[PDB]
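Everything on this sheet refers to the single structure shown next.
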Amino acid sequence: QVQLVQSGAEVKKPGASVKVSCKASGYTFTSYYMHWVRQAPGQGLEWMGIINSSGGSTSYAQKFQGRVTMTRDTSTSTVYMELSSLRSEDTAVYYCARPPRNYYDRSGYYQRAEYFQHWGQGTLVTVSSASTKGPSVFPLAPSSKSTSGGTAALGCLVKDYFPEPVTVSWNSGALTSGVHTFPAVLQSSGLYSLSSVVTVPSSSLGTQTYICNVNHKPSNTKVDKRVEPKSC
Amino acid sequence: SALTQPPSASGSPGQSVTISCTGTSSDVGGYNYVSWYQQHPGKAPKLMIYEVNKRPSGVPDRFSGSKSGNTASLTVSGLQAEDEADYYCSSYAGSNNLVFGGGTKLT
Amino acid sequence: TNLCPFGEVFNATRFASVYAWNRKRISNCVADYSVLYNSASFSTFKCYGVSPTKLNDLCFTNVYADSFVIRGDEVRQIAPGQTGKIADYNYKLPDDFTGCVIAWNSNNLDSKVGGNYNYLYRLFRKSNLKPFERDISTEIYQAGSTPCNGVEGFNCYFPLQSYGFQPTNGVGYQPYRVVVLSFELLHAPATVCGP
Amino acid sequence: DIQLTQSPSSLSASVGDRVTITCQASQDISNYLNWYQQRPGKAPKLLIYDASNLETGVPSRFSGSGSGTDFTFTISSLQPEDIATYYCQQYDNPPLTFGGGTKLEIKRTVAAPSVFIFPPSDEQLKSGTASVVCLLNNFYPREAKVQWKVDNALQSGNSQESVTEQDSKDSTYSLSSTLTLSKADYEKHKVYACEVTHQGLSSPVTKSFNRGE
Ligand SMILES: *[C@@H]1O[C@H](CO)[C@@H](O)[C@H](O)[C@H]1NC(C)=O
């Protein structure tokens, strides 16, 4: 199995620098090029540059020339990308990508094959003045006997956090069927908020325990919450 | 024959019905390929539960499968009038052998 | 004098199935790679880690010529870092490959009326193959929780499968013959060179 | 810099429909074009490379063709899990560029929402703010009207909505309407109701609760 693991999402003040990490596992690291691709929220994909894992040769795009630096460590099989002098346009998700090996033609022509087979999970870089804040997790209990009718819905409310994103799982990831994690909402207070709901059989409301796990890495906040129905 | 499913389970709206499907170690007890089908008279069977506890796409959460020893059990939680049908259980009886139950007419 | 028997491999009568890919050692001969790179009878001719033009002026420890038959599209899988049935379960090239993959269409030679079923490929395996590994075992593959008890059945399938090369098949499903030249350089006397 | 234009920018097709997208390049790139399928939240997934070659592991229903400046990407029968944004990419000349994107959606049969309500937690009342949540689960189409009635008085400007992306299985939507009040304002009234009007509903559905039970 091939795997690209990128560093946690970060928030940085305008004008500062971010360094994003991409650790390759499950293939010989020094045998493929690594490319970087940035994607602004709601916008499309934009190319950043290429780095040679073997020798360290680097080619950045003219738009980022002088502000982006690509680093490589062979021993740990990782690639670093640093963007300096950040602006509001740079708030985006950053992916590493591995294309296959460039091959030689029958004639001896160097044929580049720059299609991206393997991508990382993405690193969100939020560029903002605003200070980070930790979230507050609250249980949304199906107090109303929605159990009558065979199906109950329980949920977790992640209120007043900054910045994006938060990871919400159920039962440490052991429950994925019928999970709806809503997109975040930017409140009037300039803080984010979201809800994650799950539909479960009423029969299991007493048999299985339902824990929601919220993880906000930018604030190093991890909150488990046991969601129990309110008995009126 | 080959399975014991009680022919005639019944229930009331809002309540829960547990339909049993009893086999031996070699069919139901040993392996985790058990299926529950619902069939309305005159229509084809519809899959409600597969691999003991798995609800397929489009089945309400009311139907919940389980297993204990040599007995599988289908639980209907949110009983409605529409649930009045014949419920069959199927299980792996060995390589190249699949065994169905007698059927339970849920009233 | 003492040329390398590339004709023995390329122009061979019958080719082994991909799961049982046939490897031929090349040592103690002068290699005229020109015969290959000057020919235009090839569908795909890709080389990793070395140029075919610069081959006649290089020495290596040993040269292996692996040869087999796959279907049209699956030819893609014979390349470093690729996934798929052929690359995972049949024939895997190392990521640090230093060689050349040469494949050509052989619909006329390998397919026949009613389809040719002499060519197999492995569809199931417990784990992916290490580079340059060969698994010719025919153990009934256990796909589910059932024991399988050495007999095919529910979630128990034969590991190999027939390609079924019909002459009327699309280009993507036509039999292609592949030869993979591997140029290993160890701490040994380089016994294979060119002009 | 080679510019790529994608046509269309959005589209909606039914299950089993044949879908076709076009990518036009400002310059000639022989076939050094690739197609990616980025699902929401996930990374891009390579489906077609060299403009005509299916990537190992892609269903047979996907195809690509074209040359020069014009390329096309085709889906034989649109399956529910195909909903994503599709991008084209060139690598004929640095730097690499991507298309605008084509958000593809599913046209589905009308489905009614399951409506649930959640009063504010006892823990959150300690903090001064109260949040009442209304959930609209598994409906279609995306449009739905959600009204908050506090003591049968319509609330406005205090609620926010969040809508999930189209489900990869049943092609439905889900909606969360959060009404945020002060504890003082929350304790002023008794009956909190969420009234949902949707196409798949014959009459408006109201899910209410009384404060303090
Ligand atoms: C195979 O035979 C043909 C025709 O006689 C010849 O031109 C070709 O060079 C041969 N292949 C090799 C590698 O010797």
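Labeling convention for the structure tokens: chains A, B, ... as they appear, residues from 1 per chain, ligands from 1 in order of appearance.
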key: Neighbour list for residue 44 (chain C) as a ChimeraX atom specification, cut-off 7 Å, only C-alpha atoms, skip fewer than 5 positions in-chain   = /C:102-104
request  = Write out as a PyMOL selection string every residue belonging to chain C that has an atom at most 9 Å from any atom of chain A, counting only C-alpha atoms.
outcome  = chain C and resi 36-38+44-54+79-82+94-97+100
Selection to disk with N, CA, C and O atoms, as an mmCIF file, in the first residue's frame:
```
data_model
loop_
_atom_site.group_PDB
_atom_site.id
_atom_site.type_symbol
_atom_site.label_atom_id
_atom_site.label_comp_id
_atom_site.auth_asym_id
_atom_site.auth_seq_id
_atom_site.Cartn_x
_atom_site.Cartn_y
_atom_site.Cartn_z
ATOM 1 N N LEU C 36 16.642 -4.226 -31.441
ATOM 2 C CA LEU C 36 15.393 -3.916 -30.763
ATOM 3 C C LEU C 36 14.989 -2.471 -31.035
ATOM 4 O O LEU C 36 13.890 -2.244 -31.528
ATOM 5 N N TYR C 37 15.879 -1.504 -30.753
ATOM 6 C CA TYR C 37 15.449 -0.112 -30.744
ATOM 7 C C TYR C 37 15.395 0.489 -32.146
ATOM 8 O O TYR C 37 14.946 1.622 -32.303
ATOM 9 N N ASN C 38 15.844 -0.273 -33.150
ATOM 10 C CA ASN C 38 15.791 0.164 -34.534
ATOM 11 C C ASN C 38 14.558 -0.430 -35.206
ATOM 12 O O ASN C 38 14.225 -0.050 -36.327
ATOM 13 N N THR C 44 4.485 -0.661 -27.426
ATOM 14 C CA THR C 44 5.022 0.198 -26.379
ATOM 15 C C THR C 44 6.477 -0.181 -26.105
ATOM 16 O O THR C 44 6.815 -1.357 -25.961
ATOM 17 N N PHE C 45 7.339 0.834 -26.047
ATOM 18 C CA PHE C 45 8.756 0.640 -25.793
ATOM 19 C C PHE C 45 9.199 1.730 -24.827
ATOM 20 O O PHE C 45 9.554 2.827 -25.250
ATOM 21 N N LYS C 46 9.160 1.407 -23.531
ATOM 22 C CA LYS C 46 9.497 2.353 -22.478
ATOM 23 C C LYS C 46 10.714 1.849 -21.714
ATOM 24 O O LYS C 46 10.883 0.647 -21.538
ATOM 25 N N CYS C 47 11.555 2.783 -21.265
ATOM 26 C CA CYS C 47 12.780 2.451 -20.555
ATOM 27 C C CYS C 47 12.942 3.357 -19.343
ATOM 28 O O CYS C 47 12.827 4.577 -19.458
ATOM 29 N N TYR C 48 13.231 2.741 -18.191
ATOM 30 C CA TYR C 48 13.365 3.463 -16.933
ATOM 31 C C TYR C 48 14.793 3.314 -16.424
ATOM 32 O O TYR C 48 15.305 2.204 -16.341
ATOM 33 N N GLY C 49 15.441 4.438 -16.109
ATOM 34 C CA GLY C 49 16.761 4.406 -15.500
ATOM 35 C C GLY C 49 17.902 4.360 -16.518
ATOM 36 O O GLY C 49 19.065 4.497 -16.144
ATOM 37 N N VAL C 50 17.564 4.160 -17.798
ATOM 38 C CA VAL C 50 18.563 4.122 -18.853
ATOM 39 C C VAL C 50 17.881 4.359 -20.199
ATOM 40 O O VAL C 50 16.721 3.998 -20.388
ATOM 41 N N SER C 51 18.626 4.969 -21.131
ATOM 42 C CA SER C 51 18.138 5.227 -22.481
ATOM 43 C C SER C 51 18.487 4.047 -23.382
ATOM 44 O O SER C 51 19.573 3.489 -23.268
ATOM 45 N N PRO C 52 17.612 3.638 -24.328
ATOM 46 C CA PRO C 52 17.942 2.535 -25.235
ATOM 47 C C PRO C 52 19.080 2.871 -26.202
ATOM 48 O O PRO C 52 19.810 1.980 -26.621
ATOM 49 N N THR C 53 19.247 4.162 -26.516
ATOM 50 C CA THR C 53 20.297 4.597 -27.425
ATOM 51 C C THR C 53 21.669 4.398 -26.785
ATOM 52 O O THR C 53 22.607 3.983 -27.464
ATOM 53 N N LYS C 54 21.759 4.653 -25.477
ATOM 54 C CA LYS C 54 23.013 4.595 -24.745
ATOM 55 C C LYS C 54 23.275 3.183 -24.212
ATOM 56 O O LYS C 54 24.073 3.021 -23.295
ATOM 57 N N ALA C 79 5.128 -1.548 -15.265
ATOM 58 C CA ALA C 79 5.807 -0.277 -15.080
ATOM 59 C C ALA C 79 5.940 -0.027 -13.586
ATOM 60 O O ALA C 79 5.058 -0.403 -12.808
ATOM 61 N N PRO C 80 7.051 0.582 -13.131
ATOM 62 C CA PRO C 80 7.271 0.788 -11.701
ATOM 63 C C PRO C 80 6.151 1.602 -11.064
ATOM 64 O O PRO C 80 5.692 2.579 -11.649
ATOM 65 N N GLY C 81 5.686 1.126 -9.901
ATOM 66 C CA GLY C 81 4.767 1.874 -9.064
ATOM 67 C C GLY C 81 3.310 1.707 -9.476
ATOM 68 O O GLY C 81 2.461 2.432 -8.970
ATOM 69 N N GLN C 82 3.031 0.754 -10.370
ATOM 70 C CA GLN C 82 1.667 0.556 -10.843
ATOM 71 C C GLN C 82 0.916 -0.449 -9.971
ATOM 72 O O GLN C 82 1.526 -1.349 -9.399
ATOM 73 N N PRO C 94 10.072 -3.511 -9.568
ATOM 74 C CA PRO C 94 10.494 -2.712 -8.415
ATOM 75 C C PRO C 94 10.406 -1.217 -8.727
ATOM 76 O O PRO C 94 10.485 -0.813 -9.884
ATOM 77 N N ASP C 95 10.238 -0.408 -7.677
ATOM 78 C CA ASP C 95 10.091 1.029 -7.834
ATOM 79 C C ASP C 95 11.399 1.630 -8.353
ATOM 80 O O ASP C 95 11.390 2.618 -9.084
ATOM 81 N N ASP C 96 12.527 1.012 -7.989
ATOM 82 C CA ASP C 96 13.834 1.479 -8.417
ATOM 83 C C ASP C 96 14.278 0.688 -9.640
ATOM 84 O O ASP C 96 15.433 0.294 -9.755
ATOM 85 N N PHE C 97 13.345 0.482 -10.565
ATOM 86 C CA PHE C 97 13.592 -0.282 -11.777
ATOM 87 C C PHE C 97 14.649 0.390 -12.649
ATOM 88 O O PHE C 97 14.671 1.611 -12.793
ATOM 89 N N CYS C 100 13.946 -1.917 -19.377
ATOM 90 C CA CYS C 100 13.092 -1.532 -20.485
ATOM 91 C C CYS C 100 11.937 -2.513 -20.612
ATOM 92 O O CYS C 100 12.144 -3.723 -20.538
#
```
Using only C-alpha atoms, what table do you get, as JSON lines, when you list each residue of chain A with an atom no more than 8 Å from chain B, its nearest pair of atoms, and their distance in Å rounded to one decimal, rows by chain then rising number?
```
{"residue": "A:147", "atom": "CA", "partner": "B:78", "partner_atom": "CA", "distance": 7.8}
{"residue": "A:148", "atom": "CA", "partner": "B:14", "partner_atom": "CA", "distance": 5.5}
{"residue": "A:149", "atom": "CA", "partner": "B:78", "partner_atom": "CA", "distance": 3.8}
{"residue": "A:150", "atom": "CA", "partner": "B:78", "partner_atom": "CA", "distance": 3.6}
{"residue": "A:151", "atom": "CA", "partner": "B:61", "partner_atom": "CA", "distance": 5.3}
{"residue": "A:199", "atom": "CA", "partner": "B:61", "partner_atom": "CA", "distance": 7.6}
{"residue": "A:200", "atom": "CA", "partner": "B:61", "partner_atom": "CA", "distance": 6.3}
{"residue": "A:201", "atom": "CA", "partner": "B:61", "partner_atom": "CA", "distance": 4.9}
{"residue": "A:202", "atom": "CA", "partner": "B:77", "partner_atom": "CA", "distance": 6.8}
{"residue": "A:203", "atom": "CA", "partner": "B:77", "partner_atom": "CA", "distance": 6.5}
```
key: 12 Å shell around ligand 1 using only C-alpha atoms and all ligand atoms, listed as a VMD selection string   = chain C and resid 3 to 13 31 to 42 65 102 179
Those same residues - N, CA, C and O atoms - I'd like them written as a short mmCIF file (atom, residue, chain, number, x, y, z; two decimals), in the first residue's frame.
```cif
data_model
loop_
_atom_site.label_atom_id
_atom_site.label_comp_id
_atom_site.auth_asym_id
_atom_site.auth_seq_id
_atom_site.Cartn_x
_atom_site.Cartn_y
_atom_site.Cartn_z
N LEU C 3 26.94 -13.48 -30.07
CA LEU C 3 25.97 -12.41 -29.83
C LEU C 3 25.02 -12.88 -28.72
O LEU C 3 25.10 -14.02 -28.27
N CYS C 4 24.13 -11.99 -28.28
CA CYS C 4 23.18 -12.38 -27.25
C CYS C 4 21.90 -12.91 -27.88
O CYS C 4 21.39 -12.31 -28.83
N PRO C 5 21.36 -14.04 -27.38
CA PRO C 5 20.21 -14.69 -28.01
C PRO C 5 18.87 -13.99 -27.73
O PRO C 5 18.00 -14.55 -27.07
N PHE C 6 18.72 -12.77 -28.27
CA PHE C 6 17.51 -12.00 -28.06
C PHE C 6 16.40 -12.54 -28.95
O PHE C 6 15.22 -12.45 -28.60
N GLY C 7 16.79 -13.12 -30.08
CA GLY C 7 15.85 -13.76 -30.99
C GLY C 7 15.18 -14.97 -30.34
O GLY C 7 14.04 -15.30 -30.67
N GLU C 8 15.89 -15.60 -29.39
CA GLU C 8 15.38 -16.77 -28.68
C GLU C 8 14.18 -16.37 -27.82
O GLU C 8 13.26 -17.17 -27.64
N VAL C 9 14.20 -15.13 -27.33
CA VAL C 9 13.19 -14.67 -26.39
C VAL C 9 12.05 -13.97 -27.15
O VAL C 9 10.89 -14.25 -26.87
N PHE C 10 12.40 -13.09 -28.09
CA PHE C 10 11.40 -12.29 -28.77
C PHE C 10 10.62 -13.13 -29.78
O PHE C 10 9.40 -13.01 -29.89
N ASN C 11 11.36 -13.96 -30.53
CA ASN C 11 10.79 -14.70 -31.64
C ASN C 11 10.45 -16.12 -31.20
O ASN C 11 10.29 -16.99 -32.05
N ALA C 12 10.32 -16.35 -29.88
CA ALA C 12 9.98 -17.67 -29.37
C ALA C 12 8.62 -18.13 -29.90
O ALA C 12 7.73 -17.32 -30.14
N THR C 13 8.48 -19.44 -30.08
CA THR C 13 7.26 -20.04 -30.61
C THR C 13 6.08 -19.72 -29.70
O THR C 13 5.15 -19.04 -30.11
N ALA C 31 25.88 -7.81 -26.60
CA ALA C 31 24.48 -7.48 -26.82
C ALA C 31 24.39 -6.35 -27.84
O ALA C 31 24.96 -5.29 -27.65
N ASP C 32 23.65 -6.62 -28.92
CA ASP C 32 23.35 -5.63 -29.93
C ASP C 32 21.89 -5.23 -29.76
O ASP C 32 20.99 -5.81 -30.40
N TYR C 33 21.67 -4.23 -28.89
CA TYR C 33 20.32 -3.79 -28.57
C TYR C 33 19.70 -3.07 -29.76
O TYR C 33 18.50 -2.83 -29.75
N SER C 34 20.53 -2.72 -30.75
CA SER C 34 20.05 -2.01 -31.93
C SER C 34 18.89 -2.78 -32.56
O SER C 34 17.87 -2.19 -32.88
N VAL C 35 19.04 -4.11 -32.67
CA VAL C 35 18.05 -4.99 -33.27
C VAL C 35 16.67 -4.69 -32.69
O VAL C 35 15.65 -4.86 -33.37
N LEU C 36 16.64 -4.23 -31.44
CA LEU C 36 15.39 -3.92 -30.76
C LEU C 36 14.99 -2.47 -31.04
O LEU C 36 13.89 -2.24 -31.53
N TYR C 37 15.88 -1.50 -30.75
CA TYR C 37 15.45 -0.11 -30.74
C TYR C 37 15.39 0.49 -32.15
O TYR C 37 14.95 1.62 -32.30
N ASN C 38 15.84 -0.27 -33.15
CA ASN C 38 15.79 0.16 -34.53
C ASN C 38 14.56 -0.43 -35.21
O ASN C 38 14.23 -0.05 -36.33
N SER C 39 13.88 -1.36 -34.51
CA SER C 39 12.66 -1.97 -35.01
C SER C 39 11.46 -1.10 -34.67
O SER C 39 11.46 -0.39 -33.67
N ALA C 40 10.42 -1.16 -35.51
CA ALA C 40 9.22 -0.36 -35.30
C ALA C 40 8.00 -1.26 -35.15
O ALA C 40 6.87 -0.77 -35.23
N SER C 41 8.23 -2.56 -34.91
CA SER C 41 7.15 -3.53 -34.78
C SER C 41 6.63 -3.59 -33.34
O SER C 41 5.95 -4.55 -32.97
N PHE C 42 6.94 -2.57 -32.55
CA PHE C 42 6.62 -2.58 -31.13
C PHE C 42 5.48 -1.61 -30.84
O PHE C 42 5.46 -0.51 -31.38
N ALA C 65 15.84 -11.30 -19.07
CA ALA C 65 14.76 -11.06 -20.00
C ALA C 65 13.53 -11.88 -19.61
O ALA C 65 13.44 -13.08 -19.90
N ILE C 102 9.12 -3.82 -23.17
CA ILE C 102 8.82 -3.87 -24.59
C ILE C 102 7.62 -4.79 -24.81
O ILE C 102 7.65 -5.96 -24.46
N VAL C 179 8.12 -8.25 -23.06
CA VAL C 179 9.45 -8.65 -22.63
C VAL C 179 10.03 -7.53 -21.78
O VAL C 179 10.05 -6.37 -22.19
#
```
request  = Output the contact residues of chain C with respect to chain B at a cut-off of 9 Å, based on only C-alpha atoms, as a PyMOL selection string.
outcome  = chain C and resi 145-149+151-156
Atoms kept (N, CA, C and O atoms) for selection, written as a CSV table (one decimal), in the first residue's frame:
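Wrote it out as selection27.csv, contents follow:
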```csv
chain,number,residue,atom,x,y,z
C,145,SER,N,-15.3,-15.7,5.0
C,145,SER,CA,-15.0,-16.3,6.3
C,145,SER,C,-15.2,-17.9,6.2
C,145,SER,O,-14.9,-18.6,7.2
C,146,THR,N,-15.6,-18.4,5.1
C,146,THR,CA,-15.8,-19.8,4.9
C,146,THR,C,-14.5,-20.5,4.8
C,146,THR,O,-13.5,-19.9,4.2
C,147,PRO,N,-14.3,-21.7,5.3
C,147,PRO,CA,-13.0,-22.4,5.2
C,147,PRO,C,-12.5,-22.8,3.8
C,147,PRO,O,-11.3,-22.7,3.5
C,148,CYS,N,-13.5,-23.2,3.0
C,148,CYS,CA,-13.1,-23.5,1.6
C,148,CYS,C,-12.7,-25.0,1.5
C,148,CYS,O,-13.0,-25.6,0.4
C,149,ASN,N,-12.1,-25.5,2.5
C,149,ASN,CA,-11.8,-26.9,2.6
C,149,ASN,C,-11.2,-27.5,1.3
C,149,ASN,O,-11.5,-28.7,1.0
C,151,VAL,N,-11.9,-27.0,-1.7
C,151,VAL,CA,-12.9,-27.1,-2.8
C,151,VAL,C,-13.5,-25.7,-3.1
C,151,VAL,O,-13.9,-25.1,-2.2
C,152,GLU,N,-13.6,-25.4,-4.4
C,152,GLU,CA,-14.2,-24.1,-4.8
C,152,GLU,C,-15.6,-24.1,-4.4
C,152,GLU,O,-16.3,-25.1,-4.3
C,153,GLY,N,-16.2,-22.9,-4.1
C,153,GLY,CA,-17.6,-22.7,-3.7
C,153,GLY,C,-17.9,-21.3,-3.3
C,153,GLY,O,-17.4,-20.4,-3.8
C,154,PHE,N,-18.7,-21.2,-2.2
C,154,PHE,CA,-19.1,-19.9,-1.7
C,154,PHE,C,-17.9,-19.1,-1.2
C,154,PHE,O,-17.3,-19.6,-0.3
C,155,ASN,N,-17.6,-18.0,-1.8
C,155,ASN,CA,-16.5,-17.2,-1.5
C,155,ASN,C,-15.2,-18.0,-1.5
C,155,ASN,O,-14.3,-17.8,-0.7
C,156,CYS,N,-15.1,-19.0,-2.4
C,156,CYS,CA,-14.0,-19.8,-2.6
C,156,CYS,C,-13.8,-20.0,-4.1
C,156,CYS,O,-14.5,-20.8,-4.7
```
ask   = Taking the backbone alone, and naming residues the way the document does, which bits of region 53-214 of chain A are strand (DSSP E) by DSSP, as a count of residues only?
value = 72
task = When you get a sec, could you note down which chain D residues fall within 7 Å of chain A, using only C-alpha atoms, as a list in words?
result =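 The contacting residues on chain D are residues 34, 42, 43, 46, 49, 91, 95, 96, 97, 98, 100, 101, 118, 121, 124, 162, 163, 164 and 213 of chain D.
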Grab the residues selected above and save them as a compact mmCIF listing (two decimals), in the first residue's frame with N, CA, C and O atoms.
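Output contents, as saved in out13.txt:
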```txt
# COMPACT_ATOMS: atom_id res chain seq x y z
N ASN D 34 -5.17 14.85 -18.59
CA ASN D 34 -5.62 13.90 -17.59
C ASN D 34 -6.93 14.41 -16.99
O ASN D 34 -7.22 15.60 -17.03
N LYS D 42 -12.48 15.13 0.04
CA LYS D 42 -11.40 14.22 -0.30
C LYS D 42 -10.42 14.90 -1.26
O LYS D 42 -10.60 16.04 -1.65
N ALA D 43 -9.36 14.18 -1.62
CA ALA D 43 -8.40 14.66 -2.60
C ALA D 43 -8.87 14.28 -4.00
O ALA D 43 -9.79 13.48 -4.15
N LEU D 46 -7.47 10.26 -9.83
CA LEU D 46 -7.15 10.19 -11.25
C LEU D 46 -7.97 9.09 -11.92
O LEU D 46 -7.89 7.94 -11.51
N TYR D 49 -5.83 9.24 -17.88
CA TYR D 49 -4.55 9.87 -18.18
C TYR D 49 -4.23 9.70 -19.66
O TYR D 49 -4.69 8.74 -20.29
N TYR D 91 0.00 18.51 -19.07
CA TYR D 91 1.41 18.45 -18.72
C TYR D 91 2.28 18.48 -19.97
O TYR D 91 3.38 17.92 -19.96
N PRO D 95 3.99 25.83 -16.82
CA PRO D 95 3.53 25.08 -15.65
C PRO D 95 2.23 24.33 -15.90
O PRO D 95 1.49 24.66 -16.83
N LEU D 96 1.95 23.32 -15.06
CA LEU D 96 0.73 22.53 -15.17
C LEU D 96 -0.46 23.39 -14.77
O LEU D 96 -0.37 24.20 -13.85
N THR D 97 -1.58 23.19 -15.46
CA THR D 97 -2.79 23.95 -15.19
C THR D 97 -3.99 23.00 -15.13
O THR D 97 -3.97 21.91 -15.72
N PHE D 98 -5.02 23.45 -14.42
CA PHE D 98 -6.25 22.68 -14.26
C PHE D 98 -7.43 23.47 -14.82
O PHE D 98 -7.42 24.70 -14.82
N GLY D 100 -11.61 24.62 -14.91
CA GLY D 100 -12.44 25.32 -13.96
C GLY D 100 -13.13 24.36 -12.99
O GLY D 100 -13.41 24.70 -11.84
N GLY D 101 -13.40 23.16 -13.50
CA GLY D 101 -14.19 22.19 -12.75
C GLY D 101 -15.62 22.10 -13.27
O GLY D 101 -16.17 23.07 -13.80
N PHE D 118 -33.83 19.06 18.39
CA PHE D 118 -32.96 18.89 19.54
C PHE D 118 -32.98 20.18 20.36
O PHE D 118 -32.50 21.22 19.89
N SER D 121 -28.74 21.73 25.23
CA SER D 121 -28.25 20.86 26.29
C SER D 121 -28.24 21.60 27.63
O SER D 121 -28.10 22.82 27.68
N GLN D 124 -25.01 23.54 28.05
CA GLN D 124 -24.85 24.79 27.32
C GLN D 124 -25.62 25.92 28.00
O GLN D 124 -25.22 27.08 27.90
N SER D 162 -27.18 24.68 7.35
CA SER D 162 -26.04 23.99 6.78
C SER D 162 -26.55 22.76 6.05
O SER D 162 -27.33 21.98 6.60
N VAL D 163 -26.12 22.60 4.79
CA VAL D 163 -26.61 21.52 3.95
C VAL D 163 -25.43 20.65 3.54
O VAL D 163 -24.43 21.18 3.04
N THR D 164 -25.60 19.33 3.70
CA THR D 164 -24.56 18.38 3.34
C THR D 164 -24.44 18.29 1.83
O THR D 164 -25.26 18.84 1.11
N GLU D 213 -39.14 19.91 29.96
CA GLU D 213 -39.69 18.57 30.13
C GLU D 213 -38.71 17.52 29.59
O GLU D 213 -38.30 16.64 30.39
```
Can you work out which residues from chain D touch chain B at a cut-off of 12 Å (counting only C-alpha atoms) and hand them back as a PDB file with N, CA and C atoms, in the first residue's frame?
```pdb
ATOM      1  N   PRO D  80     -24.903   6.552  -9.029  1.00  0.00           N
ATOM      2  CA  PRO D  80     -25.077   7.509  -7.934  1.00  0.00           C
ATOM      3  C   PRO D  80     -23.776   7.979  -7.275  1.00  0.00           C
ATOM      4  N   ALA D 111     -37.960  12.779  -2.629  1.00  0.00           N
ATOM      5  CA  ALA D 111     -37.964  12.109  -1.331  1.00  0.00           C
ATOM      6  C   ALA D 111     -38.276  13.095  -0.203  1.00  0.00           C
ATOM      7  N   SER D 114     -36.907  13.358   6.866  1.00  0.00           N
ATOM      8  CA  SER D 114     -37.202  12.998   8.241  1.00  0.00           C
ATOM      9  C   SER D 114     -36.814  14.177   9.125  1.00  0.00           C
ATOM     10  N   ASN D 138     -32.159  13.108   4.749  1.00  0.00           N
ATOM     11  CA  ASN D 138     -32.366  12.240   3.595  1.00  0.00           C
ATOM     12  C   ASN D 138     -33.586  12.664   2.777  1.00  0.00           C
ATOM     13  N   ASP D 167     -25.441  12.660  -1.175  1.00  0.00           N
ATOM     14  CA  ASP D 167     -24.961  11.364  -0.721  1.00  0.00           C
ATOM     15  C   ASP D 167     -24.563  10.497  -1.914  1.00  0.00           C
ATOM     16  N   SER D 168     -23.454   9.757  -1.764  1.00  0.00           N
ATOM     17  CA  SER D 168     -22.873   8.957  -2.834  1.00  0.00           C
ATOM     18  C   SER D 168     -23.670   7.675  -3.067  1.00  0.00           C
ATOM     19  N   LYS D 169     -24.693   7.416  -2.242  1.00  0.00           N
ATOM     20  CA  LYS D 169     -25.419   6.159  -2.318  1.00  0.00           C
ATOM     21  C   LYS D 169     -26.846   6.411  -2.785  1.00  0.00           C
ATOM     22  N   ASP D 170     -27.591   7.234  -2.038  1.00  0.00           N
ATOM     23  CA  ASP D 170     -29.005   7.460  -2.309  1.00  0.00           C
ATOM     24  C   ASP D 170     -29.261   8.828  -2.947  1.00  0.00           C
ATOM     25  N   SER D 171     -28.212   9.631  -3.119  1.00  0.00           N
ATOM     26  CA  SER D 171     -28.308  10.919  -3.799  1.00  0.00           C
ATOM     27  C   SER D 171     -29.307  11.852  -3.119  1.00  0.00           C
ATOM     28  N   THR D 172     -29.310  11.861  -1.777  1.00  0.00           N
ATOM     29  CA  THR D 172     -30.203  12.712  -1.004  1.00  0.00           C
ATOM     30  C   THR D 172     -29.404  13.845  -0.359  1.00  0.00           C
TER      31      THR D 172
END
```
message = Can you work out which residues from chain D touch chain C at a cut-off of 9 Å (counting only C-alpha atoms) and hand them back as a list in words?
response =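 Close to chain C, chain D has residues 53, 54, 55, 56 and 57 of chain D.
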Selection near region 126-131 of chain C, 7 Å with only C-alpha atoms, sequence-local residues under 6 positions removed, as a PyMOL selection string = chain C and resi 88-89+92-94
File of the preceding selection, N, CA, C and O atoms, as a compact mmCIF listing (two decimals), in the first residue's frame:
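In the end it all went to result_4.txt:
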```txt
# COMPACT_ATOMS: atom_id res chain seq x y z
N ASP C 88 -0.09 -6.65 -9.08
CA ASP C 88 -0.15 -7.03 -7.68
C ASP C 88 0.04 -8.53 -7.53
O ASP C 88 0.75 -8.97 -6.64
N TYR C 89 -0.61 -9.30 -8.41
CA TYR C 89 -0.76 -10.73 -8.21
C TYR C 89 0.02 -11.56 -9.23
O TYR C 89 0.15 -12.78 -9.08
N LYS C 92 5.34 -7.99 -10.68
CA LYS C 92 5.56 -6.68 -10.09
C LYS C 92 6.98 -6.24 -10.39
O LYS C 92 7.91 -6.98 -10.10
N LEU C 93 7.12 -5.03 -10.95
CA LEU C 93 8.42 -4.40 -11.17
C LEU C 93 8.78 -3.55 -9.97
O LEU C 93 7.92 -2.86 -9.41
N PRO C 94 10.07 -3.51 -9.57
CA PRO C 94 10.49 -2.71 -8.42
C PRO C 94 10.41 -1.22 -8.73
O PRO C 94 10.48 -0.81 -9.88
```
query = If you count only C-alpha atoms, which residues fall within 9 Å of residue 107 (chain B), apart from same-chain ones fewer than 6 positions away, as JSON, numbers by chain?
reply = {"B": [8, 9, 10, 11, 12, 81, 83, 84, 85]}
